Every structure is written in C-alpha cells, then in structure tokens.
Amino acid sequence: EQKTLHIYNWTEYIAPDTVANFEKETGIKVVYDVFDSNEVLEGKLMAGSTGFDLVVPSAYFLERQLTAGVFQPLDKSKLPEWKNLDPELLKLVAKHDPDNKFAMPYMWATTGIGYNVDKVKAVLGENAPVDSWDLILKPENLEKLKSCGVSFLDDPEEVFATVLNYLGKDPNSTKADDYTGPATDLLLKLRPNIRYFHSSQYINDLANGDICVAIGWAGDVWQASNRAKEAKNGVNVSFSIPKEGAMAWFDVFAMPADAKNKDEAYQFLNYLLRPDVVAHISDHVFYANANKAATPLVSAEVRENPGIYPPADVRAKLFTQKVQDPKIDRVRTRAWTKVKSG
C-alpha cells in the first residue's frame, strides 16, 4: 500500500517545501526529477516509457502532440478546484489544447529584455529606451552596449518571431523569405555586438554584473534580480516586456499516456489548485501562476510586478507561437546557423 508519484519539471520551478508539504499531507512518496533543457524533456516524452506520472511541457509542444498519443486527457472530476484557474488564461492555452483537455496550466511568462539598470543608463542615458526592443535591436544601441555584454537566447524559434514582430511582420510568418531575408539581415547587423547565444548563462551573468542586456525568460530574470539583491552586490537587474509586444508562453502539467500512479497524480494536481500552494510557488520562483483564486495570496512584490503579472494592455500585445510547416522549421535552423556564424 505504498503510494508513489513521479514528476518531471524544470529546475528552479517549485517552492523548496512544496513536495515536503504534499508528502506530509498525503503520505505519498514523491520522486521529483528536474530538467534544464526542453530538448531533453521532449526527446524522452517522444520515446515513451518515461516512468513519469506528471510532466511539465510547453503548451506549444502539447499542441504538436495532440494526435500522437503522448498524453492522456485529464479527468476533471478528480480536480474539484479546477474552477480556480483563470478562464481568460485557459482560453489562450486552449489555442494549443482545445477545451483544455490535456493540460493544467501551471505558470506562464514572456520572452523579453533582462538588463542591468545602472549599466544601461551609464551607456545610453537615463532615458534609455528600456520599454522597447529598440534597446537591443537597434544596431546603434547595441554597438554602444557591446562592451558591457549582450546575450541572446540560442533559440531561433523565439528570436526569429521576436525580430519578425519588431519588423512589423507576422511573428508567426509562414513565408520563408521573411526569415532568410529581412530577419537575417537585421540579425547579421546586430551579430558583431552579441557576446554569446545561450539558453541560460545570461541568468547568472545578469546577477553578477557580467552582462548588461539579454533576451530572456521573465521569471528567470526576476530570479537573477532577486539573487543579486540577496548577495548585496549592488547589481540592479530589471526586466521589460517591450511596448512592441513579445512572445508569451505557458508551462503546463500533463499526464503521459502510460502513467501508472494516476490517483496520486490527480491528488498532486488538485493540491496545486489550492490557492495558497501555487501562490507560495509564485512567491519563490517569480512567475505568474494560472490560478486566479491564488492571485490575492501572492506576495505584493510579485503580483504587483507588471513584468510578472502584466495588465490587459500588455497582454493584448503578446503573441504565441504557431506550429509551422517542417519546411519553415528547416529554414529557421539553417538561417540560425548563418546568423551565429556572422
């Protein structure tokens, strides 16, 4: 009569005592495993027989697998606190997961600009355009910021979509020439001023003062900012969702089709739906959760931060990723190699 539950989630994406609290309440043995690379997660899910009862993919990946039999539909009768989830956010996630059949939204954020407040102002002045992609996508600005250090993500899907939106095009353009032409043109003009393309080095580099501007995931940047504060190192890190808009994305809990410990998994999911549980997570990880009942319980410093919980005018400028034809996938990979070579 041992009860067990196997979970696979991102690093830095739960509160330190969430699992311990759940174990004390339920008597379930939780085996909590972490990944730091989306490629690692998706490769395991596609191979199957992962041994996980719960996993945390992107809503975008879930869309790609809706007919592949990777996941199983969630039994809402075992999730009595489902009503706490924000219907407005559920509708957006339903673009990827019709009728919210497979996924329980967990946390969500944007891809924006993380930056060192003091260094940016030293280089570009007090009126530096921190509210705009101009800060890092105007070559004249990036040339000045080069010495204090510029990082881009190593993700052509996010970066091309960001550049296309900045150029006034469909962020999800289906036209190959938009990628190989104007988007690559701008990226090649910026390239000489970019120190590196990497998925995670920018977090600690922002916190320690080694880079001054980065394309980054909001909550990871806010984590860096908090780490700098705790270190009492004088580094002031902030984050901007720029005025031209930005990519929004949603991390979700889902259940592999071969999950064994289904009752325990639903217990954990409904535990996450308790307002104080997920509010406590957001307090620790600096990400907005999808639970509207939880918002008033989140610490004021987090819920009042419009780069974590953006208001309606900002949300209306955000775009989400669409699935492309594989021809466009290959275009993006080829063009990204060209960009990075310079």
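One rule holds for the numbers: they count along the sequence shown, beginning at 1.
Looking at mean Cα B-factors across 46 to 54 and 270 to 278, the upper value is held by 46 to 54. 232 to 240 and 214 to 222 differ in mean CA B-factor, and the higher of the two is recorded for 232 to 240. Highest CA B-factor among the listed residues (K29, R64, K292, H284): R64. Considering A312, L297, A68, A288 together, the PDB entry gives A68 the largest C-alpha B factor. Among the modelled residues of its chain, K119 has a C-alpha B-factor that falls in the middle third according to the deposited record. Per the PDB record, residue ranking by Cα B-factor puts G125 in the highest third of the chain. Among the modelled residues of its chain, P80 has a C-alpha B-factor that falls in the middle third according to the deposited record.
Ranked against the other modelled residues of its chain, the C-alpha B-factor of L41 as given in the entry falls in the highest third. When the modelled residues of the chain are ordered by their C-alpha B factor, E23 lands in the lowest third.
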